[PDB]
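Q: Sending over a structure as structure tokens; questions will come in a sec.
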Amino acid sequence: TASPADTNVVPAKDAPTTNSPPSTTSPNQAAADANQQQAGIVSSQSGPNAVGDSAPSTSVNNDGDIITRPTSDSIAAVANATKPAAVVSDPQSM
Amino acid sequence: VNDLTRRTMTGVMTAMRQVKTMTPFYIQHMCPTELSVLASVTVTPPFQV
């Protein structure tokens, strides 16, 4: 009778962007389409509402850039690109 | 639409109009009571404009 599943419905974790497919071309439109198809709506019934919409995607950075890996790794990548040797061997060292 | 079809359509439409239904009564007099009650038990309260 008093089914909790019908009373305690709340958005799941990572809800706003979970369905976003991994792509770089048009992530927001692609994510929007994925949400629409995931929700069970078919394009033939949504009509004109499906053409211009866009939704948040994981491929888009908070700054508004196309990202292909977690931002920490991007930070790690640039950091690792610059690591001069701590101790070097040269004849004139005192 | 010849005459026979015209009457047939008219008969069908008036048939739809004449049949009794409780749905309008339920909506005007009963449904709001249920909605008000249900609005206080869900975790997510109603969001309206």
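Q: Output yes when any residue across the range A:65-88 is closer than 30 Å to B:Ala39 by Cα and among the polar types (S, T, N, Q), and no when none is.
A: The answer is no; no qualifying residue exists.
Q: Looking only at residues that are assigned to a helix (DSSP H, G or I) and of a type in the set (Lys, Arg) in the range B:1-25, which one is surrounded by the fewest Cβ atoms within 10 Å (Cβ to Cβ)? Can you show your working first?
A: Looking only at the range B:1-25, we keep the residues that are assigned to a helix (DSSP H, G or I), and these are B:3-18, B:23-25.
Checking the rest, the ones that are also of a type in the set (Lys, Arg) come to B:6-7, B:17.
Values: B:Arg6: 10, B:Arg7: 11, B:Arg17: 7.
The residue in question is B:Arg17.
Q: If you don't mind, there's one more thing I want to ask. For the range A:25-34, which residues satisfy the criterion of being assigned to a helix (DSSP H, G or I) and either under 20 Å from A:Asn61 (Cβ atoms) or touching a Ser or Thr at 6+ places or on another chain (Cβ under 8 Å) (or both)?
A: Listed by number, the residues that qualify are A:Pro27, A:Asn28, A:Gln29, A:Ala30, A:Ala31, A:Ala32, A:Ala34.
Q: Then there is this: Can you pull out the residues in the range A:38-61 that are closer than 19 Å to A:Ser26 by Cβ and either aromatic (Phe, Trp, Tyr) or assigned to a loop (DSSP other than H, G, I, E, B) (or both)? I'd like the intermediate steps shown before the answer.
A: Let us first name the residues in the range A:38-61 that are closer than 19 Å to A:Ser26 by Cβ, namely A:38, A:43, A:46, A:48-61.
A:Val51, A:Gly52, A:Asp53, A:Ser54, A:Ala55, A:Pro56, A:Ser57, A:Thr58, A:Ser59, A:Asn61 - these are the residues of the range A:38-61 that are closer than 19 Å to A:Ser26 by Cβ and either aromatic (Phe, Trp, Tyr) or assigned to a loop (DSSP other than H, G, I, E, B) (or both).
Q: Being under 12 Å from the mean Cα position of the chain (by Cα), surrounded by 10 or more Cβ atoms within 10 Å (Cβ to Cβ) and either assigned to a helix (DSSP H, G or I) or on the phi > 0 side of the Ramachandran plot (or both) narrows it down to one residue among A:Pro16, A:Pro22; which is it?
A: It is A:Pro16.
Q: Quick check on the range A:72-85. Is at least one of its residues in a loop (DSSP other than H, G, I, E, B) and under 20 Å from the mean Cα position of the chain (by Cα)?
A: No, there is no match, as no residue in the range A:72-85 is in a loop (DSSP other than H, G, I, E, B) and under 20 Å from the mean Cα position of the chain (by Cα).
Q: What residue, among those in the range A:1-13 that are part of a loop (DSSP other than H, G, I, E, B) and of a type outside the set (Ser, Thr, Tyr), is nearest to A:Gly64 (Cα to Cα)?
A: Filtering the range A:1-13 for residues that are part of a loop (DSSP other than H, G, I, E, B) and of a type outside the set (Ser, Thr, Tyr), the one nearest to A:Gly64 (Cα to Cα) comes out as A:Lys13.
Q: Every residue in the range B:26-49 that is part of a loop (DSSP other than H, G, I, E, B) and away from every other protein chain (no Cβ under 14 Å), please. I'd like the intermediate steps shown before the answer.
A: So the first thing to find is which residues in the range B:26-49 are part of a loop (DSSP other than H, G, I, E, B), and the list is B:30, B:39-49.
Hits for the range B:26-49 are B:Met30, B:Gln48, B:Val49.
Q: Keeping to the range A:1-52, report how many residues are of a type outside the set (A, V, I, L, M) and within 14 Å of chain B (Cβ to nearest Cβ).
A: So the count comes out to 7.
Q: Something else: Would a scan of the range A:62-70 turn up a residue that is assigned to a helix (DSSP H, G or I), surrounded by 10 or more Cβ atoms within 10 Å (Cβ to Cβ) and of a type in the set (A, V, I, L, M)?
A: For the range A:62-70, residues assigned to a helix (DSSP H, G or I), surrounded by 10 or more Cβ atoms within 10 Å (Cβ to Cβ) and of a type in the set (A, V, I, L, M): absent.
Listed here are the residues, each with its yes/no results for (1) more than 19 Å from the chain's Cα centre (by Cα); (2) not hydrophobic (A, V, I, L, M, F, W, C).
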residue	(1), (2)
B:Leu4	yes, no
B:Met9	yes, no
B:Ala15	no, no
B:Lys20	no, yes
B:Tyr26	no, yes
B:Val37	yes, no
B:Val43	yes, no
B:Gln48	yes, yes
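Heads up, the Cβs are rebuilt from the backbone with ideal geometry, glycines too, and the neighbour counts pull from every protein chain shown. Bear in mind these aren't lab numbers, they're just calculated from the coordinates by the rules spelled out.
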